[PDB]
Engineer: 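Provided herewith is a single structure, encoded as C-alpha cells, for subsequent inquiry.
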Amino acid sequence: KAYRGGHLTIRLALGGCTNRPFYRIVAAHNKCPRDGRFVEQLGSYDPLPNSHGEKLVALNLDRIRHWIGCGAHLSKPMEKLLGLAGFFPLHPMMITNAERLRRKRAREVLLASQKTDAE
Amino acid sequence: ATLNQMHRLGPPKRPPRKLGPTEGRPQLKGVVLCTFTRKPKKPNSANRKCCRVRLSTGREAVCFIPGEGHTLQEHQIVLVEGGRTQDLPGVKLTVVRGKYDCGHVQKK
Amino acid sequence: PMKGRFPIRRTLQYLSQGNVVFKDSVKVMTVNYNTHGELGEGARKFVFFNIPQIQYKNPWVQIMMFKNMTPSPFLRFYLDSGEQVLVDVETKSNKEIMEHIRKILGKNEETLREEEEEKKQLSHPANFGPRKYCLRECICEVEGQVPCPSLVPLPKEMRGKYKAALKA
Amino acid sequence: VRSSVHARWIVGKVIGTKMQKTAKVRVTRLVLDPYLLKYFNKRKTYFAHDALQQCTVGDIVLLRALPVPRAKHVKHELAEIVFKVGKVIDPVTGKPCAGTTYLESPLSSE
Amino acid sequence: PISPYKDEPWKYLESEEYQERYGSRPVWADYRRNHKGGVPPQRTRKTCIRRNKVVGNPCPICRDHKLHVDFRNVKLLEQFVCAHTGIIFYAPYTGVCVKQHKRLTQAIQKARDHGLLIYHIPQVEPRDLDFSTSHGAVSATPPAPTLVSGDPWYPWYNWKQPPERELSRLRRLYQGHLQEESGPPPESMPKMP
RNA sequence: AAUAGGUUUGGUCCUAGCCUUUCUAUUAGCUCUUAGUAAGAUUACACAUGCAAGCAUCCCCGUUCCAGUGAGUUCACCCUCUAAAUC
RNA sequence: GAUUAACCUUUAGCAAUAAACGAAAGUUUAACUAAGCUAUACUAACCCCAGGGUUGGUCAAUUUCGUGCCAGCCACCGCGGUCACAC
Ligand code: FES
Ligand SMILES: [K+]
Ligand SMILES: [K+]
Ligand SMILES: [K+]
Ligand SMILES: [K+]
Ligand SMILES: [K+]
Ligand SMILES: [K+]
Ligand SMILES: [Mg+2]
Ligand SMILES: [Mg+2]
Ligand SMILES: [Mg+2]
Ligand SMILES: [Mg+2]
Ligand SMILES: [Mg+2]
Ligand SMILES: [Mg+2]
Ligand SMILES: [Mg+2]
Ligand SMILES: [Mg+2]
Ligand SMILES: [Mg+2]
Ligand SMILES: [Zn+2]
C-alpha cells in the first residue's frame with residue numbers, strides 16, 4: 001500500500017493482552033497501523049518488572065544504526081529508551097521531568113516539616 | 001490411466017454439493033398454510049400429522065409435525081429444521097416443537 | 001503401486017538428491033542424445049535419471065532435449081555472457097556426466113554453505129511474532145516474566161478495573 | 001548488458017516465418033507437475049527479430065533479449081541458428097550429418 | 001474414605017493388597033472406556049469425582065482411593081510413562097480422566113526435577129566457540145574524563161541559571177501568560193522522612 | 001477416506017452407493033455458579049441523535065492516515081526503469 | 001428501523017502506545033487504552049448448588065405399566081397387528 005509521502009520510523013508496537021502490555025521495537029512506515037505491517041523488528045521492550053525486578057529491553061543495535069542511516073525517524077518513547085541505554089544522550093524531557101519531580105518532592109518535604117513543626 | 005493422461009486431466013473435481021430443502025441453512029421461518037395427515041409407504045401404517053408452510057424464502061413445502069398432538073393453525077408462525085421423515089416420501093422438513101407458535105408436547 | 005518404471009524418480013526425496021547447482025551464468029542447457037547405440041547409453045540414463053534432479057535444483061534454467069539429430073550425444077550450455085560450453089558425453093556413464101558438469105559449471109560446497117547461512121539471518125531468535133515467523137509470540141512465554149492474564153490472573157493492583165476504582 | 005526483458009537467453013524451434021523480418025519461435029521448458037512429481041514440457045511462443053530473414057520453419061535457434069522491446073510482441077532477436085533444418089553440423093566433430101549418420105567422415109580431414 | 005498411605009504412598013504398591021488386585025500389570029491394564037462407535041472421543045472425561053460423588057466407571061486412578069499421585073511414588077508414575085521412549089502416555093491411552101492426567105504429568109515432571117525418576121539427558125555442545133573474556137563488553141572500559149572528575153556526561157545535563165536579560169525577553173514575549181519563575185532544582189532527589 | 005463399522009440376497013462371494021464412529025463452527029430446544037482472558041449484525045438494505053481532526057504568532061502542514069466493509073475482482077509477487085517522499 | 005435461523009453499551013480517558021501539528025512546554029484523536037454486555041471459546045475454581053441426551057443392533061446403558069400397524073419412533077437397518085428391553 002503505497003502511501004502519499006511518509007517515511008520510515010522506529011517506534012513501539014503494542015502487543016500482549018489486557019493489563020499485560022508488551023512492546024515490539026519495529027521500523028515501519030509512519031502511516032501504517034501501530035500493530036500492523038512493519039519493515040523489520042529491531043528489538044522488544046517488556047515494561048512489567050520480571051521476577052528479578054528488571055525491565056528487559058532488547059536492542060538490535062547493528063540494525064538500528066542501519067535504519068537511522070537510511071533516513072528513519074525515532075518516536076519520542078524510543079528516543080528515551082536509547083537515552084536510558086546510553087546509546088543516545090538523555091532526552092531533554094527526561095532531564096526536565098526529573099527536575100520537576102525534584103521540585104515537587106522538595107515542596108512536599110517542606111509541607112511535611114511545617115506540619116510536624118506545628119504539631 | 002497413464003501419467004500423461006492424469007497430467008492432462010488434472011486433479012478430480014468434486015460434484016458441487018447440492019443444497020437440501022433448507023438451502024444450506026440450519027432453520028427457516030415459515031407460515032402455516034394448512035394441516036393434514038399423510039400415509040406412510042409400506043410396510044408402515046399411520047396417519048402422520050403434517051402441514052404445508054410458506055417458507056421465508058417464498059417456497060412452499062410440506063413439513064412433518066413430531067410428537068403426540070399439536071395445535072397448529074393456518075396463519076401461525078413456525079420454525080422448520082432439516083431431517084427427512086423416513087417413511088413419508090417427499091417430506092424433508094420438520095417443525096421445531098417449542099418455538100414461535102408451536103409449543104412443546106404436553107406431557108402424557 | 002506407483003505407475004511406471006523406477007517410480008523412485010517421482011519422489012521429493014530423490015529429486016533433492018541432485019548435487020548440481022549451476023552458477024548464475026548458466027541460462028540454457030541443451031541435451032542431444034540418441035535413442036539407440038551402446039556408446040550413447042550413459043547419455044540416455046542421464047536423461048532418464050538425472051535431468052529431473054538438475055531441473056529441480058535449477059528451476060529457472062531452460063532444459064531442452066533433442067533426439068537423434070547428430071551421430072553422437074553431447075551437452076551444450078549457454079551462459080549469460082554469450083559463451084557456449086560444449087560437453088562430449090559419448091562413452092561416459094550418467095554418473096561421470098553429473099560429476100563433469102558439476103566441476104565446470106556447478107557451485108562448490110563452500111559457496112552453497114555460505115548461502116544457507118545468509119538465510120538463517122532472516123529468522124532472528126530474539127524476535128517475537130506468529131509461529132510461522134518466530135519461535136515465541138509474546139514475552140509472557142519466557143519464564144520469569146509476567147505470564148499472560150489468560151492463564152494466570154494478574155493481581156488486582158495491576159488491573160485497570162481496580163486502579164480506576166480506587167482512584168475514582 | 002541490462003534489459004527490461006525477462007527471458008534473456010532461450011532456445012526454441014522456428015514454427016512460423018510469415019511476418020516480415022520476424023520469426024515465430026516455440027520455446028519449451030520443463031515444469032514439475034506437483035501431484036505426479038513428473039516433469040512435462042510447457043511451451044511458449046516468442047517473436048524474434050530476424051533482419052536477414054534467414055530462419056526456416058523447423059530449425060533450432062538461439063534468441064537474445066533486446067534492451068527494450070522493438071514491438072508489442074517482439075522482445076528478442078535471432079542470435080544464432082543452432083541446428084539448421086536438414087543441414088546439421090555435428091558440433092563435436094564439425095562434420096555435416098544426416099540424423100545419426102555422417103555425410104562426411106571425420107577421418108576425411110584426420 | 002481415608003487412605004492410610006497418604007503420608008507414605010509408595011508403601012501401597014509394596015503391600016499384599018496391591019499385589020492381589022493388580023499383580024505385575026499396570027493399574028490401568030483392565031480398564032475400558034464406555035463409548036459409542038469404534039473410534040473413541042479424543043478426550044477422556046474431565047473428572048471422575050464430581051462434588052465428592054464418583055461416576056459409574058471411574059478411571060484407573062479414581063477407582064482406587066489408595067493410589068496417590070505424588071512425585072515420590074515413582075513406581076506408580078513409571079506405569080504412565082513409556083519404558084522404551086520415555087514419553088508420557090496421553091490420557092485416552094490409559095483412560096485416566098483429564099483431572100488425574102494433569103496431576104500425573106505434574107508429578108512426573110516434579111519427580112524428574114528432583115532426580116527421583118530417570119529420564120534421558122542428552123549430551124549437548126558448548127554455547128560459544130571461543131571462551132576468551134578479553135573483549136571490552138565483559139572487561140573494563142577506560143573511564144571517560146567526566147566520569148573521573150564527577151561531572152555530568154554533557155554539560156547541558158545540569159541546570160544553568162539563565163541571564164536576567166533573557167528572562168526579561170521571555171516575560172515580554174509571554175506577558176499575561178506567565179508562571180512563577182523557577183530557580184535551580186535540588187542537587188539531589190529529596191525523600192519523605 | 002481410518003485399525004474401521006452397519007446396510008443389497010433364501011444364501012455365498014465380488015463390486016458399489018448411502019450411513020455410523022472423530023474434530024470444528026453457526027443456529028435452535030432444554031438447562032446454567034464464580035473469576036480471568038479471547039472473540040462477538042444475517043443483510044454494499046434504510047438511518048433519528050451525539051461524537052469520531054486538528055495544530056499553530058496569521059503562512060502553511062494535517063484532515064489522502066487511522067478506523068470500516070467484502071460489493072466488485074488475476075492492479076497484490078519478481079525483474080527493469082524511474083518520479084514523489086525520508087536522510 | 002426493516003430484514004434474517006443469526007440480535008454487545010446511544011461507557012470513560014487521552015495516563016500508556018500510535019498518529020497530526022508545534023522550535024518547544026504541549027494540544028487534539030470513538031485509533032487506542034481501561035471498563036459494560038453475551039456459555040461462542042480457552043484457563044482456573046467452588047461448603048451449599050446438574051443438567052442435557054441416550055439405554056433393539058451398529059454403540060456405553062431399562063424395570064413396571066399403558067397403548068395394540070393406533071398413538072408414535074430411527075442417522076442406517078428397523079419398531080408398533082395384546083409377553084413392545086425400539087412408542
Ligand atoms: S499472549 Fe502474552 S500477555 Fe497474553
Ligand atoms: K411396520
Ligand atoms: K459398504
Ligand atoms: K500547522
Ligand atoms: K482498513
Ligand atoms: K468481496
Ligand atoms: K494519549
Ligand atoms: Mg430407514
Ligand atoms: Mg434379508
Ligand atoms: Mg456477501
Ligand atoms: Mg527524487
Ligand atoms: Mg451470534
Ligand atoms: Mg471522548
Ligand atoms: Mg473489552
Ligand atoms: Mg405391553
Ligand atoms: Mg422407550
Ligand atoms: Zn479419574
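No hydrogens, no waters, no symmetry mates; every other heavy atom, side chains included, goes into these values. First the proteins, then the strands, lettered A, B, ... as listed; each starts at 1.
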Engineer: Need to verify one output field. Residue with the more 5' nearest nucleotide on RNA chain G, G24(B) or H7(A)?
Structural biologist: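 The 5'-side residue here is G24(B).
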
Engineer: Taking only N and O in the side chain of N47(B), is any of them less than 4.0 Å away from OP1 or OP2 of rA71(G)?
Structural biologist: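 So the side-chain polar atoms of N47(B) do come within 4.0 Å of the phosphate oxygens OP1 or OP2 of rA71(G), strictly under.
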
Engineer: Please tell me which of the listed nucleotides, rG26(G), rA20(G), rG36(F), lies nearest to the side chain of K31(A)?
Structural biologist: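 It is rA20(G).
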
Engineer: Mind checking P21(A) for me? I need base, sugar-phosphate or nothing, with any heavy atom below 4.0 Å counting as a touch.
Structural biologist: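 No contact.
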
Engineer: On a whole-Å scale, what distance lies between the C1' atoms belonging to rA30(G) and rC8(G)?
Structural biologist: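 It works out to 16 Å between them.
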
Engineer: Which part of the nucleic acid does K76(A) contact within heavy-atom distance under 4.0 Å: base, sugar-phosphate only, or nothing?
Structural biologist: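 Sugar-phosphate contact only.
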
Engineer: Report the distance from atom NE2 of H29(A) to atom P of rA84(F), rounded to the nearest whole Å.
Structural biologist: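 Interatomic distance, NE2 of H29(A) to P of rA84(F): 17 Å.
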
Engineer: Report yes or no: is there a donor-acceptor pair, N or O only, under 3.5 Å between the side chain of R34(A) and the base of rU17(G)?
Structural biologist: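 Side chain to base: pair found, below 3.5 Å.
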
Engineer: Give the ring-plane orientation class for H73(A) versus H7(A), where under 30° counts as parallel, over 60° as perpendicular and anything between as tilted.
Structural biologist: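 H73(A) vs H7(A) ring planes: parallel.
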
Engineer: Answer yes or no: does a side-chain N or O of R20(A) lie under 4.0 Å from OP1 or OP2 of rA34(G)?
Structural biologist: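 Answer no for this pair, as no side-chain N or O of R20(A) is under 4.0 Å from OP1 or OP2.
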
Engineer: Check for me whether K49(B) meets the cation-pi criterion with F64(B), that is, NZ or CZ under 6.0 Å from the six-membered ring centre and within 45 degrees of the ring axis.
Structural biologist: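 Output no; distance or angle outside limits.
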
Engineer: For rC30(F) and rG68(G), measure between their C1' atoms and round to the nearest Å.
Structural biologist: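 After rounding to an integer number of Å, I get 32 Å for this pair.
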
Engineer: Does the side chain of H6(D) get closer than 4.0 angstrom to OP1 or OP2 of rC78(F) through an N or O atom?
Structural biologist: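 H6(D) to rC78(F) OP1/OP2: no side-chain N or O under 4.0 Å.
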
Engineer: Considering only atom P, compute the distance from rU28(G) to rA41(G) and round it to an integer number of Å.
Structural biologist: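 It works out to 44 Å between them.
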
Engineer: Between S56(B) and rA5(G), does any side-chain N or O lie under 4.0 Å from OP1 or OP2?
Structural biologist: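 Looking at the OP1 and OP2 atoms of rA5(G), one of them is under 4.0 Å from a side-chain N or O of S56(B).
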
Engineer: Tell me which nucleotide, if any, is Watson-Crick or G-U wobble paired with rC87(G) when both distances must be under 3.5 Å.
Structural biologist: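 Pairing partner: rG66(G).
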
Engineer: Parallel, tilted or perpendicular, judged at 30° and 60°: which one describes the rings of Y154(E) and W156(E)?
Structural biologist: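 Because their plane-to-plane angle is under 30°, the rings of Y154(E) and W156(E) count as parallel.
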
Engineer: Starting at the 5' end of RNA chain G, which residue's closest nucleotide do you reach first, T57(B) or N19(A)?
Structural biologist: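 Going by which nucleotide is closer to the 5' end, it is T57(B).
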
Engineer: Going by purine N1 to pyrimidine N3 plus the second Watson-Crick contact, or the G-U wobble pair, all under 3.5 Å, which nucleotide sits opposite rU63(F)?
Structural biologist: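 Partner of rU63(F): none.
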
Engineer: Below 4.0 angstrom, N of the basic side chain to O of the carboxylate: do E79(A) and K76(A) qualify?
Structural biologist: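 Salt bridge: no.
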
Engineer: Just name whichever nucleotide pairs with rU40(G), Watson-Crick or G-U, keeping both distances under 3.5 Å, else none.
Structural biologist: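 When the pairing criteria are applied, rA38(F) turns out to be the nucleotide that pairs with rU40(G).
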
Engineer: Is any side-chain nitrogen or oxygen of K1(A) closer than 4.0 Å to OP1 or OP2 of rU64(F)?
Structural biologist: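 No, no such contact exists.
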
Engineer: State whether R65(A) places a side-chain N or O below 4.0 Å from either non-bridging phosphate oxygen (OP1 or OP2) of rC87(F).
Structural biologist: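 Checking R65(A) against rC87(F): no side-chain N or O falls below 4.0 Å of OP1 or OP2.
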
Engineer: Do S182(E) and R103(A) make a side-chain contact, defined as non-hydrogen atoms from C-beta onward lying under 4.5 Å apart?
Structural biologist: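 Yes - at least one pair of side-chain heavy atoms lies under 4.5 Å apart.
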
Engineer: Both distances under 3.5 Å, Watson-Crick or G-U wobble: does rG57(G) pair with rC76(G)?
Structural biologist: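 WC or G-U pairing between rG57(G) and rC76(G): yes.
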
Engineer: North (positive) or south (negative) by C1'-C2'-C3'-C4': which describes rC8(G)?
Structural biologist: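 South pucker for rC8(G); the sign of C1'-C2'-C3'-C4' is negative.
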
Engineer: Suppose we screen for salt bridge (charged side-chain N to carboxylate O under 4.0 Å, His left out). Which residues come up paired with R20(A), at least two apart in sequence or across chains?
Structural biologist: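 Checked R20(A) against salt bridge (charged side-chain N to carboxylate O under 4.0 Å, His left out); matches are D46(A).
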
Engineer: Please verify, for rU9(F) and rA52(F), whether Watson-Crick or G-U wobble pairing holds with both distances under 3.5 Å?
Structural biologist: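 WC or G-U pairing between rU9(F) and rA52(F): no.
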
Engineer: Major or minor groove: which one has a base atom under 5.0 Å from the side chain of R48(B)?
Structural biologist: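 The groove in question is the major one.
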
Engineer: Distance between the P atoms of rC51(F) and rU11(G), in whole angstroms?
Structural biologist: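 Rounded to whole Å, the distance is 12 Å.
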
Engineer: Under 4.0 Å, counting only non-hydrogen atoms across every strand here, what does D87(B) touch: a base, just sugar-phosphate, or nothing?
Structural biologist: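 Here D87(B) touches the bases of the nucleic acid.
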
